[PDB]
Amino acid sequence: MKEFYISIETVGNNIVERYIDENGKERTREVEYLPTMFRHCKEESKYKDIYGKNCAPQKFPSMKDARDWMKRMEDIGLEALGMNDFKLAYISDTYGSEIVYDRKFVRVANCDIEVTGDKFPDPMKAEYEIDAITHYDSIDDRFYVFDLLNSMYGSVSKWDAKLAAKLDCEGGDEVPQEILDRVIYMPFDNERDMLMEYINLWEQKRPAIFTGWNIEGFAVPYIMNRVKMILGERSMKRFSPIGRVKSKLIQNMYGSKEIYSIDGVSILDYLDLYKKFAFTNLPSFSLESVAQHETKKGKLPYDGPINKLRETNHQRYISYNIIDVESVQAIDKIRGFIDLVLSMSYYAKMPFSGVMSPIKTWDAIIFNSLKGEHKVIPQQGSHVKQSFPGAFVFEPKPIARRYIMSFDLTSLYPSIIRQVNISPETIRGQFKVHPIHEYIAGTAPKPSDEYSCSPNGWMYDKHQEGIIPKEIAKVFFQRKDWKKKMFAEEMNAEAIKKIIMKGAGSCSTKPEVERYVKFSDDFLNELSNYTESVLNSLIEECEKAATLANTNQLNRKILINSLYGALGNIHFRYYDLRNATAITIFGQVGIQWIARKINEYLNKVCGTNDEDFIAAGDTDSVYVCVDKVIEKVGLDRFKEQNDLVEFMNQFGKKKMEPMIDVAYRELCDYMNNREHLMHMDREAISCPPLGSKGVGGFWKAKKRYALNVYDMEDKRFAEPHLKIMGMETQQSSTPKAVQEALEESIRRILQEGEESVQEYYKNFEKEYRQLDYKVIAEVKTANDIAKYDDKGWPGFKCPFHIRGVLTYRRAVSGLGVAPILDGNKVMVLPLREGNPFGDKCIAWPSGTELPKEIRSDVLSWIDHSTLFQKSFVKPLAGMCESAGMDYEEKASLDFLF
Amino acid sequence: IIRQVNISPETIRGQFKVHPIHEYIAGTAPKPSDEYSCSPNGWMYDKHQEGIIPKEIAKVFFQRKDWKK
Amino acid sequence: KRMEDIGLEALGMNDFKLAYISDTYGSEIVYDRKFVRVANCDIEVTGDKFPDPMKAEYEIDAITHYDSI
């Protein structure tokens, strides 16, 4: 196979690189790199810069020589062209051509750690002890488990595999058997031996990419702080193959935590990878909920705080962590995220960790393309931070819109990038600036005829294609090609399964198999001339090829989606404030333009005037509300929801292409570009169920609403699915039972009608009173109690939770219960005025129950009324007031005339 | 405190079972150690070798005393 | 820089001024206050606008400089 690397780093005047040799074995080499820099030249040279000026190369003998040359030509006020970074230059020059790789060869390690502690174990200080370490090695495909037997928290027994494999009722933990087939378990009596064994295990099998769920937040820091605090820095630095473990301190978002960097292994936090490369939103991003979402496999419920688990049934503890690491692997097996990171790294010819930063990725790819085109990139200009106006958010009228067709165009910012061709050399000057409303209404004349136009007052070329548009075109063509390859792989795989269940009894031999291309019929016959084992190998190969196609396709997708955020950042090598402002305000101008055109055309077609049809909207989405066409055609014509959906789909199909084309060709000739790529679709629809009196879709606030979608992007649903955001259905401040109740109420108001919501209100209101008092008690933190107490009675400015704690202490005076301690958590149950305890609330310690003697007296005297309203009534009020709806009725309007 | 507890970057010898501070304040907590000195943040420093920082503190103290005399 | 790239500790005083003082004096230093030239300066500039430390626009009319020796 081709020579492909694992990880490159810089050590002094040398480039060190861990790679895979020609025979599939891991090796390490050290090369004294000779950087080749560039500078401006008056003489004729074949190397021409971005603008077109001739430039001359220059070789250098040392790393420091090149750096000092850059500094010295910087301080004399002269510009030096090329790349300041050198690892990218080395990797680009060494390989040059596109590289191939085998995912099996690269060692992908997974880690997870469990630390028993009195208080939350703090990764930065790492004061507690490690007793659970599960390291998953890929090529060895092994779950190495390190357990600490004799800790300072009391010695415990030894883990048993067969016991854990059993069902939980006999005392097991239900770990799947194939997992225990690979669990290499080792106990340790003392911490030093276990940590040293982990160190030497890292040494023997050095990971190439070292991941885990929330790893740089809790795992990496804790392990390294503990090895520093136990063994010393001289062993802490043994993690890296080059002996360099430098600690970065910032995490400037709140300045809370610290990240780590082991020079030689590419740390890649799986939590960040999921957060950035999933396009999904969840109420909580903790491993358990997302694992349930992804693999539909939670773990057996447990009891008590985690801190005491090690001392109660440590067995389960260790088994718990063993399913912890697998869950992550499961997610990988569903998403192929590490295959994606390998694909991007080897497509951009760049180090692995750069995947975290879109700017580095884009710089690498654009430099590689330009170097392939014999050009030179400019020096990274230094600019100050000048924030530009944000997103043009439409104004939503809090009104219920029954028939609302929503749509947003594809790659808004990337498409605009070809509308204005904004590369640094493409600027051509400025023109006379009109008010923005003039361009919105089109009253301004043509800014320029032979030169392109942008609403930011600036002007760009038309015949000279920019380098950034060239990269956009290349990546977009690659994405289209790989989507075609996906279709090819899909029907090839279905042909293979057709061959499989047709039947094939013959010889066994693997033929000349191809990838990412369509399979011929004669090839299908040849595969039918092979055994069912060979057929299984063939479907495995087809599935692997399809997964690689997915990695490539979503690679292109995220590159395109990240270019916009790359261009607007200061440190990007081709930042232009004019370009960023043009991009943003052109997006605003385009969405306003299409909103106005929608209003005009819908008024003309309906025959009315001055009517507004556009609802709320973002910088790319315009949820126009169109119900006039439905009533205009005649609601009686439709007998089923499917017929109405199909009719409005045909209306959208006949309305989008011609209207959008005419509403964008004039803007295209205004802007004077080569061609208008800018276009929307009919992605989303919504409609209240036929024959019902539900509102269908309302609008509570900006980006806070609900709809009953029938068809997302031609994915029809037999029953309508509710799409909800903004409200507390997804907000975890309220309990989960009320979350279910709110989502059900939302469904009822959208679809069923008024009386349904009234009945559900009354039903839940009856059902809430007898619900268990544990879940309907508010979680609060009990602190600084002694300050707010007055001889065991409430004092000045006594907090509500502290008030409840004081009432509890008064009530449990003489009950023989443990007192509430400062810093503890308490569930609070408010009380009505006049209780024998003489106060409006009570609070009891976390994880415990109310005392039996006073439990009945409390329960008979609790005030659930104001809690119910705060946890359930609040939302309905907003939607019903914003949907022309009532949430409880006490007037007739019927009994009289 | 630095001179008495014998605290220095080189006299660290491990940690012990930390108890909550209010348990130490009332004196009901168990004896943290017998072999080396201890500090109620939950750390343990050797009793015998006087640290460099305590040594310099003692030097400066003695200079202070002789100069004031 | 070379040893830091390797990652091994480079012990010793990183600032060489302290190394010079430690090496070339060694014994307790004896000094006299009549040889240290300590200076006290004060300024007064006549100008309509409030004085701006960076602009340095006006001339200087009153300067006073006190020397100890």
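Here Cβ is always computed from backbone atoms with ideal geometry, including for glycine, and neighbour counts include all displayed protein chains. Nothing in this text is a laboratory measurement; each read-out follows from the coordinates by a stated rule.
Using beta carbons and a limit of 9 Å, which pairs, at least six apart or on different chains, have the first residue in region A:436-465 and in contact (Cβ under 8 Å) with a residue 12 or more places away in the chain and among the β-branched types (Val, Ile, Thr) and the second one surrounded by 15 or more Cβ atoms within 10 Å (Cβ to Cβ) and assigned to a loop (DSSP other than H, G, I, E, B)?
A:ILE436/A:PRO455
Taking into account only those residues within region A:235-250 that are facing another protein chain (nearest Cβ under 8 Å) and hydrophobic (A, V, I, L, M, F, W, C), which is nearest to A:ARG27 (Cα to Cα)?
Only one residue tops the list, namely A:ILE242.
Just the residues that are under 26 Å from A:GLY814 (Cβ atoms) and surrounded by fewer than 16 Cβ atoms within 10 Å (Cβ to Cβ), please, taken from region A:790-800.
Matches in region A:790-800: A:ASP790, A:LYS791, A:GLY792, A:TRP793, A:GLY795, A:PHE800.
I'd like the residue in region B:50-60 that is in contact (Cβ under 8 Å) with a residue 40 or more places away in the chain and exposed (fewer than 14 other Cβ atoms within 10 Å of the Cβ) and, out of all such residues, is farthest from the other protein chains (Cβ to nearest Cβ).
Checking each candidate, the answer is B:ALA58.
Can you list the strands (runs of 3 or more DSSP E) lying wholly within region A:679-788 that have 3 or more residues being within 29 Å of the chain's Cα centre (by Cα) and either crowded, with 16+ Cβ neighbours inside 10 Å or among the hydroxyl-bearing types (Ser, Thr, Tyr) (or both)?
Counting at least 3 such residues, we get A:684-686, A:698-701, A:704-712, A:715-725.
Looking only at region A:492-518, count every residue that is under 35 Å from the mean Cα position of the chain (by Cα), assigned to a helix (DSSP H, G or I) and exposed (fewer than 13 other Cβ atoms within 10 Å of the Cβ) and tell me the total.
Qualifying residue count for the region: 1.
Quick check: anything in region A:464-471 crowded, with 18+ Cβ neighbours inside 10 Å, in a loop (DSSP other than H, G, I, E, B) and not charged (D, E, K, R)?
For region A:464-471, residues crowded, with 18+ Cβ neighbours inside 10 Å, in a loop (DSSP other than H, G, I, E, B) and not charged (D, E, K, R): present.
Filter region A:625-638 for residues that are in a helix (DSSP H, G or I) and in contact (Cβ under 8 Å) with a residue 12 or more places away in the chain and give the result.
Result: A:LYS628, A:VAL629, A:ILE630, A:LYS632, A:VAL633.
List pairs: first residue in region A:104-128 and away from chain B (no Cβ under 14 Å) and aromatic (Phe, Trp, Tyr), second residue surrounded by fewer than 21 Cβ atoms within 10 Å (Cβ to Cβ) and assigned to a loop (DSSP other than H, G, I, E, B) anywhere in the structure, Cβ distance under 7 angstrom, at least six positions apart or on different chains.
What qualifies is A:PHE105/A:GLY24.
Among A:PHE146, A:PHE105, A:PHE120, which is among the aromatic types (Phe, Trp, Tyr), under 34 Å from the mean Cα position of the chain (by Cα) and loosely packed, with under 14 Cβ neighbours inside 10 Å?
A:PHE120
From the set of residues in region A:217-234 that are surrounded by fewer than 22 Cβ atoms within 10 Å (Cβ to Cβ) and closer than 22 Å to A:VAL341 by Cβ, which is nearest to the other protein chains (Cβ to nearest Cβ)?
Checked region A:217-234; the qualifying residue nearest to the other protein chains (Cβ to nearest Cβ) is A:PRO221.
Can you give me the number of residues within region B:6-22 that are more than 8 Å from chain A (Cβ to nearest Cβ) and either in a loop (DSSP other than H, G, I, E, B) or touching a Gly at 6+ places or on another chain (Cβ under 9 Å) (or both)?
Matching residues across region B:6-22 total 9.
Which condition number does B:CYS38 fail, the rest of (1) of a type outside the set (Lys, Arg); (2) within 14 Å of chain A (Cβ to nearest Cβ); (3) part of a loop (DSSP other than H, G, I, E, B) being met?
The single condition B:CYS38 does not satisfy is (3).
For region A:312-330, check the following and say yes or no: at least one residue is without any contact (Cβ under 8 Å) to a residue 12 or more places away in the chain and away from every other protein chain (no Cβ under 14 Å).
Yes, some residue in region A:312-330 is without any contact (Cβ under 8 Å) to a residue 12 or more places away in the chain and away from every other protein chain (no Cβ under 14 Å).
Could you tell me which of the residues A:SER261, A:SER256 is within 24 Å of A:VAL16 (Cβ to Cβ) and surrounded by fewer than 20 Cβ atoms within 10 Å (Cβ to Cβ)?
Exactly one of A:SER261, A:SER256 is within 24 Å of A:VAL16 (Cβ to Cβ) and surrounded by fewer than 20 Cβ atoms within 10 Å (Cβ to Cβ), namely A:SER261.
Report, by residue number, each residue of region A:130-174 that is touching a strand residue (DSSP E or B) at 6+ places or on another chain (Cβ under 8 Å), over 21 Å from A:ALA219 (Cα atoms) and not small (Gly, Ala, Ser).
Hits for region A:130-174 are A:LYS158, A:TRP159.
Hey, can you tell me all the residues within region A:18-36 that are surrounded by 19 or more Cβ atoms within 10 Å (Cβ to Cβ) and under 31 Å from the mean Cα position of the chain (by Cα)?
A:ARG18
Which of the residues belonging to region A:602-624 are surrounded by fewer than 17 Cβ atoms within 10 Å (Cβ to Cβ) and in a helix (DSSP H, G or I)?
A:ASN603, A:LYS604, A:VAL605, A:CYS606
Hey, can you tell me all the residues within region A:149-197 that are within 14 Å of another protein chain (Cβ to nearest Cβ), buried (at least 16 other Cβ atoms within 10 Å of the Cβ) and among the small types (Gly, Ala, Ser)?
A:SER151
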